[PDB]
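> Right, I'll just put the structure down here and ask away after.
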2 protein chains.
Amino acid sequence: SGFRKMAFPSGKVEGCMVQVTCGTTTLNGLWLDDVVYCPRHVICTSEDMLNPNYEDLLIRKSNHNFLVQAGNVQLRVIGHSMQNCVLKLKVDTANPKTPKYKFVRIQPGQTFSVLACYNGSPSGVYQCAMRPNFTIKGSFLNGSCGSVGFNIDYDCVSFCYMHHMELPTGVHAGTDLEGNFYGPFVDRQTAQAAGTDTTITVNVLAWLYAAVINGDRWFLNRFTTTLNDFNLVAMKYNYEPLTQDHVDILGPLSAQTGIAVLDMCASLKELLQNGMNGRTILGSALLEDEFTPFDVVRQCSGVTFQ
Amino acid sequence: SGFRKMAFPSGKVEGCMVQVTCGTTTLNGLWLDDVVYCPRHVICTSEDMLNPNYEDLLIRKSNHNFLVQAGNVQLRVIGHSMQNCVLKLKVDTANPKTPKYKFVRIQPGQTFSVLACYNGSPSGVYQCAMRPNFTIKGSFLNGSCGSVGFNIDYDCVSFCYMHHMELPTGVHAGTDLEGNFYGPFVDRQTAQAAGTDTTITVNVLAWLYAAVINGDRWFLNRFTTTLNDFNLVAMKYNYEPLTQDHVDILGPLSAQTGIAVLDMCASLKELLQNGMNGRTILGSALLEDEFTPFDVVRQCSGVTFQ
Ligand SMILES: *C(=O)c1cc(-c2cccc3[nH]ncc23)cc(OC)c1OCC(=O)N(C)C
Ligand SMILES: *C(=O)c1cc(-c2cccc3[nH]ncc23)cc(OC)c1OCC(=O)N(C)C
């Protein structure tokens, strides 16, 4: 028992991280088969980052202008292309450590692990949620661009995030591995509105079920509610509306705990209206929304990976 | 910027995890060079776990009674010995993935990453602190024994924890890699008092400095304090006494932020006496004590590992 914010084991991804240098900019790239993926703003100087014409800036570059280093070894770049906001550098060597992998575009509310990297070397790993407003609340310093977020299903790594920038508000923005930004952000240093962020209701309920499984249960009450009534409260507290799809994915947890989803919503309603009165749930004094229902079942059932 | 509970990259440790079977018990072992380390209670049946005589129970076992599996390959056991509460199985093959490593006994308040494993396969990674009472607040299910906690310094893995059991209170207990339990616990299924746990004061202060570095600063006040006065309050709130050694290790953070350690204690004093008034610090509504001062500098400076 016990419940922790648990990241995937990072070994499969560690073997894919390389360092990419262009001019005086160095950041991280992802080496899969014979292609290295990295943020296209690697080709930018500081004077270019206001309103960069990436097409024009990439034209001034040739294969030999991109230095790719995996550990202490050189890769040789034999082709380069831009896909949306990512650069794809073809190298002459397939990565011998390439895992089975897929590129996925995650939906808001879904979670993933982030391997924070500097100079092509792993620094640490943590679990993140894609916020409803398509930012992530990460931990990234200068040099971390090109760090990736991922999920693992047995032996297959699904890459879903590449880190591109920090907004002036201190939150983070990036792309999928096809180079499409999550949200409305662009890779230029301008003012960018993140937009109102809400709480991922289905994830809070998942965590409340996790709490019950683990012995934290003072918050269970003698009330129930309806989808519509609960959604009235959700709107008041800037929670995402609950749908029957969300109820359906909470099914397995309701079966495990014997607590109907709408009864757990009624507990959540009272917690929203009355607070926690200075108590805690799973070691937290606020409502946690970065565990999906799959995350809770995964952790509480001990699923492993190759 | 941003501050997250960050675990070490787990790849070096992933390559050391094996499955160990004895009788009908299967758990995790750590394969370093030609030795596999695992909890000695692998040799126990359920009827033995009340008052096991491990010496007598190990006498009934020979090398061929221990099945060690690394992935899908067999290791052959050519020697077995008991060191305190760990079994050391000599195998005929040195682990080709053995990292540079050391065995360390950590002190209370120090942190480490835990690679939770089942059947010799990694399930996830999270950051833990050794509580002052020598328990850890982990996430462990049946099958997780032999999962290990570790730190990494560049290319060297310092193993500090092997998971052995869950106490009836739901917290976790285990040994260093020489098999000495942390705390007063024993590997038998009996009643075991954890003892009063306190908050790791120096870690809370480290996190408050982390908050300031990251823009969370409403809690800075116009007061100061003295070691003795602050320690009066610490005692009242079940915080560990602050010593000049603790002040000294907070030096680098005070220099970075320009906030004297005793001024930060005065902020902590007011937070202890007045609470947070429904506000948050680094996304938390309670005072966090699982970041050491080194952890904060490590995360805020982007230290990497080979
Ligand atoms: C990419 O590595 C990168 C990183 C930053 C940056 C700075 C501070 C915090 C932070 N969090 N995520 C990213 C962060 C800034 C960069 O440039 C200013 C940057 O590299 C891009 C670059 O150097 N140019 C000129 C495009
Ligand atoms: C070791 O893998 C192990 C694990 C448990 C156990 C059960 C539930 C939660 C939990 N958290 N950490 C460890 C936990 C219980 C075991 O045996 C009852 C156990 O293996 C030891 C064993 O099977 N015997 C009989 C010694």
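Residue names in the structure tokens use chain letters A, B, ... in the order shown, residue numbers from 1 in each chain, and ligand numbers from 1 in the order shown.
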Kindly work out which residues sit at most 9 Å from ligand 1, using only C-alpha atoms and all ligand atoms, and give the list as number ranges by chain.

A: 24-28, 39-49, 118-119, 138-147, 163-167, 170-173, 187-189; B: 1-2

> Select from region 89-258 of chain A everything DSSP, run on the backbone, classes as helix (DSSP H, G or I), then give the selection as a ChimeraX atom specification.

/A:201-213,227-236,244-249,251-257

> Once you have the residues from the selection above, write them out as an mmCIF file, in the first residue's frame, restricted to N, CA and C atoms.


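Writing the result to result_37.cif gives the following:
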```
data_model
loop_
_atom_site.group_PDB
_atom_site.id
_atom_site.type_symbol
_atom_site.label_atom_id
_atom_site.label_comp_id
_atom_site.auth_asym_id
_atom_site.auth_seq_id
_atom_site.Cartn_x
_atom_site.Cartn_y
_atom_site.Cartn_z
ATOM 1 N N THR A 201 -11.239 16.985 -13.326
ATOM 2 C CA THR A 201 -12.175 16.370 -12.388
ATOM 3 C C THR A 201 -12.037 14.857 -12.315
ATOM 4 N N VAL A 202 -11.974 14.197 -13.473
ATOM 5 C CA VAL A 202 -11.926 12.739 -13.470
ATOM 6 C C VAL A 202 -10.677 12.250 -12.750
ATOM 7 N N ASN A 203 -9.574 13.000 -12.857
ATOM 8 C CA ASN A 203 -8.338 12.673 -12.145
ATOM 9 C C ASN A 203 -8.456 12.884 -10.643
ATOM 10 N N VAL A 204 -9.158 13.931 -10.210
ATOM 11 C CA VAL A 204 -9.364 14.112 -8.775
ATOM 12 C C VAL A 204 -10.158 12.935 -8.217
ATOM 13 N N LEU A 205 -11.221 12.547 -8.920
ATOM 14 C CA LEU A 205 -12.015 11.410 -8.467
ATOM 15 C C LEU A 205 -11.176 10.140 -8.429
ATOM 16 N N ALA A 206 -10.326 9.942 -9.438
ATOM 17 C CA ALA A 206 -9.444 8.783 -9.437
ATOM 18 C C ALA A 206 -8.577 8.773 -8.193
ATOM 19 N N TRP A 207 -8.078 9.942 -7.805
ATOM 20 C CA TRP A 207 -7.200 10.032 -6.650
ATOM 21 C C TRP A 207 -7.980 9.804 -5.367
ATOM 22 N N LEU A 208 -9.226 10.280 -5.319
ATOM 23 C CA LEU A 208 -10.068 9.998 -4.160
ATOM 24 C C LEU A 208 -10.302 8.497 -4.004
ATOM 25 N N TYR A 209 -10.505 7.782 -5.120
ATOM 26 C CA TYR A 209 -10.580 6.321 -5.081
ATOM 27 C C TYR A 209 -9.264 5.718 -4.605
ATOM 28 N N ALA A 210 -8.147 6.195 -5.161
ATOM 29 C CA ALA A 210 -6.842 5.814 -4.638
ATOM 30 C C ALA A 210 -6.765 6.021 -3.134
ATOM 31 N N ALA A 211 -7.275 7.151 -2.631
ATOM 32 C CA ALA A 211 -7.224 7.380 -1.192
ATOM 33 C C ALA A 211 -7.986 6.302 -0.438
ATOM 34 N N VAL A 212 -9.181 5.957 -0.921
ATOM 35 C CA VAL A 212 -10.013 4.969 -0.238
ATOM 36 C C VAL A 212 -9.314 3.623 -0.208
ATOM 37 N N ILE A 213 -8.762 3.212 -1.355
ATOM 38 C CA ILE A 213 -8.022 1.960 -1.450
ATOM 39 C C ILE A 213 -6.928 1.922 -0.396
ATOM 40 N N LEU A 227 -25.081 13.974 -12.028
ATOM 41 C CA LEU A 227 -24.116 14.572 -12.947
ATOM 42 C C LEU A 227 -24.354 16.068 -13.106
ATOM 43 N N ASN A 228 -25.606 16.448 -13.351
ATOM 44 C CA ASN A 228 -25.925 17.851 -13.585
ATOM 45 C C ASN A 228 -25.691 18.694 -12.335
ATOM 46 N N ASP A 229 -26.139 18.210 -11.171
ATOM 47 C CA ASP A 229 -25.927 18.950 -9.928
ATOM 48 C C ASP A 229 -24.438 19.086 -9.636
ATOM 49 N N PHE A 230 -23.697 17.977 -9.728
ATOM 50 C CA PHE A 230 -22.258 18.061 -9.514
ATOM 51 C C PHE A 230 -21.618 19.024 -10.503
ATOM 52 N N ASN A 231 -22.064 19.007 -11.761
ATOM 53 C CA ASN A 231 -21.422 19.867 -12.751
ATOM 54 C C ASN A 231 -21.694 21.341 -12.490
ATOM 55 N N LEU A 232 -22.813 21.661 -11.831
ATOM 56 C CA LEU A 232 -23.042 23.020 -11.341
ATOM 57 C C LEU A 232 -21.925 23.458 -10.406
ATOM 58 N N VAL A 233 -21.565 22.584 -9.470
ATOM 59 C CA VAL A 233 -20.498 22.865 -8.522
ATOM 60 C C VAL A 233 -19.149 22.900 -9.224
ATOM 61 N N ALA A 234 -18.906 21.948 -10.128
ATOM 62 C CA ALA A 234 -17.648 21.937 -10.864
ATOM 63 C C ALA A 234 -17.411 23.279 -11.546
ATOM 64 N N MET A 235 -18.426 23.791 -12.250
ATOM 65 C CA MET A 235 -18.295 25.082 -12.924
ATOM 66 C C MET A 235 -17.922 26.188 -11.945
ATOM 67 N N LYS A 236 -18.581 26.219 -10.782
ATOM 68 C CA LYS A 236 -18.284 27.226 -9.763
ATOM 69 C C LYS A 236 -16.838 27.158 -9.283
ATOM 70 N N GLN A 244 -20.394 11.248 -19.049
ATOM 71 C CA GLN A 244 -20.607 9.816 -18.858
ATOM 72 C C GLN A 244 -19.390 9.008 -19.298
ATOM 73 N N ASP A 245 -18.634 9.507 -20.280
ATOM 74 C CA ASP A 245 -17.358 8.881 -20.616
ATOM 75 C C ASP A 245 -16.428 8.844 -19.410
ATOM 76 N N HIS A 246 -16.388 9.934 -18.634
ATOM 77 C CA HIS A 246 -15.563 9.979 -17.428
ATOM 78 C C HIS A 246 -16.085 9.015 -16.372
ATOM 79 N N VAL A 247 -17.405 8.982 -16.186
ATOM 80 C CA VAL A 247 -18.004 7.995 -15.295
ATOM 81 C C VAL A 247 -17.608 6.593 -15.715
ATOM 82 N N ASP A 248 -17.642 6.322 -17.023
ATOM 83 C CA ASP A 248 -17.346 4.978 -17.505
ATOM 84 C C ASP A 248 -15.908 4.579 -17.212
ATOM 85 N N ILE A 249 -14.959 5.500 -17.380
ATOM 86 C CA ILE A 249 -13.584 5.094 -17.129
ATOM 87 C C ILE A 249 -13.312 4.947 -15.642
ATOM 88 N N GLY A 251 -15.311 3.313 -13.784
ATOM 89 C CA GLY A 251 -15.980 2.077 -13.462
ATOM 90 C C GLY A 251 -15.128 1.100 -12.676
ATOM 91 N N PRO A 252 -13.949 0.741 -13.203
ATOM 92 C CA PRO A 252 -13.110 -0.235 -12.484
ATOM 93 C C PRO A 252 -12.802 0.167 -11.049
ATOM 94 N N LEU A 253 -12.558 1.456 -10.797
ATOM 95 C CA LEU A 253 -12.288 1.899 -9.430
ATOM 96 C C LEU A 253 -13.533 1.844 -8.562
ATOM 97 N N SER A 254 -14.697 2.150 -9.132
ATOM 98 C CA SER A 254 -15.904 2.043 -8.331
ATOM 99 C C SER A 254 -16.180 0.592 -7.988
ATOM 100 N N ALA A 255 -15.888 -0.317 -8.916
ATOM 101 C CA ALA A 255 -16.087 -1.731 -8.638
ATOM 102 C C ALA A 255 -15.134 -2.212 -7.558
ATOM 103 N N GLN A 256 -13.879 -1.768 -7.617
ATOM 104 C CA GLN A 256 -12.892 -2.200 -6.641
ATOM 105 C C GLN A 256 -13.260 -1.726 -5.240
ATOM 106 N N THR A 257 -13.779 -0.507 -5.122
ATOM 107 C CA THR A 257 -14.031 0.073 -3.812
ATOM 108 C C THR A 257 -15.474 -0.076 -3.351
#
```

> Between CA of residue 240 (chain A) and CA of residue 267 (chain A), what is the spacing in Å?

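CA of residue 240 (chain A) lies at a distance of 16.4 Å from CA of residue 267 (chain A).
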
> Write out as a VMD selection string every residue belonging to chain A that has an atom at most 7 Å from any atom of chain B, counting only C-alpha atoms.

chain A and resid 1 to 11 14 118 121 to 126 138 to 141 170 285 to 286 302 to 306

> For CA of residue 264 (chain A) and CA of residue 242 (chain A), quote the distance in Å rounded to one decimal.

12.3 Å

> For residue 151 (chain A), work out the shell of residues within 8 Å, counting only C-alpha atoms and skipping chain neighbours fewer than 5 positions away, then give it as a list in words.

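In the requested format, the answer is residues 8, 112, 113, 157, 158, 159 and 160 of chain A.
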
> Excluding same-chain residues fewer than 3 positions from residue 184 (chain B), what lies within 12 Å of it counting only C-alpha atoms, as a ChimeraX atom specification?

/B:133-135,173-175,180-181,187,191-195

> Just want the 8 Å neighbourhood of region 59-63 of chain A, counted on only C-alpha atoms, with same-chain residues fewer than 4 positions away dropped. Output as a PDB file with N, CA and C atoms, in the first residue's frame.


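Once everything was written out, this is out.pdb:
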```pdb
ATOM      1  N   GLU A  55      12.112  28.946 -42.009  1.00  0.00           N
ATOM      2  CA  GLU A  55      12.448  28.462 -43.342  1.00  0.00           C
ATOM      3  C   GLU A  55      13.722  29.128 -43.840  1.00  0.00           C
ATOM      4  N   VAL A  77      25.574  13.609 -39.744  1.00  0.00           N
ATOM      5  CA  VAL A  77      24.277  14.021 -40.256  1.00  0.00           C
ATOM      6  C   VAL A  77      24.321  13.999 -41.776  1.00  0.00           C
ATOM      7  N   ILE A  78      23.432  13.216 -42.378  1.00  0.00           N
ATOM      8  CA  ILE A  78      23.406  13.034 -43.821  1.00  0.00           C
ATOM      9  C   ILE A  78      22.131  13.563 -44.450  1.00  0.00           C
ATOM     10  N   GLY A  79      21.281  14.220 -43.678  1.00  0.00           N
ATOM     11  CA  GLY A  79      20.044  14.770 -44.181  1.00  0.00           C
ATOM     12  C   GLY A  79      19.394  15.567 -43.078  1.00  0.00           C
ATOM     13  N   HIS A  80      18.718  16.658 -43.421  1.00  0.00           N
ATOM     14  CA  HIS A  80      17.991  17.421 -42.420  1.00  0.00           C
ATOM     15  C   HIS A  80      16.674  17.905 -43.006  1.00  0.00           C
TER      16      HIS A  80
END
```

> Expressed in Å to a single decimal, how great is the separation between CA of residue 196 (chain A) and CA of residue 132 (chain A)?

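Atom-to-atom, CA of residue 196 (chain A) to CA of residue 132 (chain A), that is 8.6 Å.
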
> Show me, as a compact mmCIF listing (two decimals) with N, CA, C and O atoms, in the first residue's frame, the residues that have an atom within 7 Å of residue 265 (chain A) when counting only C-alpha atoms, minus same-chain residues fewer than 3 positions from it.


```txt
# COMPACT_ATOMS: atom_id res chain seq x y z
N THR A 225 -25.26 12.65 -5.39
CA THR A 225 -25.52 13.76 -6.28
C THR A 225 -25.88 13.21 -7.65
O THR A 225 -25.98 12.00 -7.86
N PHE A 230 -23.70 17.98 -9.73
CA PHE A 230 -22.26 18.06 -9.51
C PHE A 230 -21.62 19.02 -10.50
O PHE A 230 -20.73 19.80 -10.14
N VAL A 261 -19.69 5.98 -8.43
CA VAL A 261 -19.06 7.21 -8.92
C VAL A 261 -19.82 8.45 -8.46
O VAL A 261 -19.21 9.45 -8.05
N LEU A 262 -21.15 8.42 -8.52
CA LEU A 262 -21.88 9.62 -8.12
C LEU A 262 -21.79 9.88 -6.62
O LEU A 262 -21.86 11.04 -6.19
N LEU A 268 -16.70 14.68 -3.35
CA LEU A 268 -15.90 15.75 -3.93
C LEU A 268 -16.63 17.08 -3.81
O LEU A 268 -16.01 18.10 -3.47
N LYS A 269 -17.94 17.09 -4.05
CA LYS A 269 -18.74 18.30 -3.88
C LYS A 269 -18.56 18.90 -2.48
O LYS A 269 -18.34 20.11 -2.34
```
